[PDB]
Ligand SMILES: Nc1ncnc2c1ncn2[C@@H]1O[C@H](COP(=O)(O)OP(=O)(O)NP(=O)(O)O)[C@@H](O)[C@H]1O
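Only one chain is given next, in structure tokens, and it is the form solved without the ligand.
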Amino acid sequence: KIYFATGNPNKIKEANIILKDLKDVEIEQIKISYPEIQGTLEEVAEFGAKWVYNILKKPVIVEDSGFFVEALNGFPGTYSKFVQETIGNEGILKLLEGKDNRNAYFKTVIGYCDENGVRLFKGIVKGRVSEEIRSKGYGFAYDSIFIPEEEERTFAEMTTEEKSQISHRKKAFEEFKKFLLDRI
């Protein structure tokens, strides 16, 4: 049993299905809050994973994701939520106005911690920013301006199944499952 410190039940559901293949592992939500510090996603996850473990003292995970725009030097990054609520997708589009490089990526870092210490697992998906909002009612925030890899549709124009194998989130939990399967 591995706990997931978060207030979002959907995060545990997604994790359980990507990992349902492992009959010896079950992820369970634990309502333990923790400080999300200022720094890279990796630092936020390691700090968060240790804080919770120091409290729970049982195998646990934490996760932090972000949206990175190249021409914006990696901004918004770990402050993705904040920036979405203050200036949103319109702010990103205004910021990228006339920019030749519209490349961007999403990244997820899972922070795991047990008796033996913290381990980080990552997943990324590179792409580019559309010049305008395109959505079919399928995304959250930046999803309506992000076009993944070789696609011509943005995440918000794609169904859950169409994004199921390529997302940063999927890729991070697969890195995590590899660790679980290669366990000793």
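Residues carry their position along the shown sequence, with the first being 1.
The following text describes the form deposited with the ligand bound, which does not appear among the structures shown.
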(message) Which is the contacting stretch out of 126 to 134, 42 to 50, 59 to 67, 26 to 34, given heavy atoms within 4.5 Å of the ligand in the deposited complex?
(response) 59 to 67
(message) I'd like to know whether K171 contacts the ligand in the deposited complex, with contact meaning heavy atoms within 4.5 angstroms.
(response) no
(request) Indicate whether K99 is a 4.5 Å heavy atom neighbour of the ligand in the deposited complex. (result) no
(message) With a cut-off of 4.5 Å between heavy atoms, is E157 one of the residues that contacts the ligand in the deposited complex?
(response) no
(request) Using a 4.5 Å heavy atom cut-off, state whether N10 contacts the ligand in the deposited complex. (result) yes
(message) Do any residues of 140 to 155 have a non-hydrogen atom within 4.5 angstroms of the ligand in the deposited complex? If so, which ones, in sequence order?
(response) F140, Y142, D143
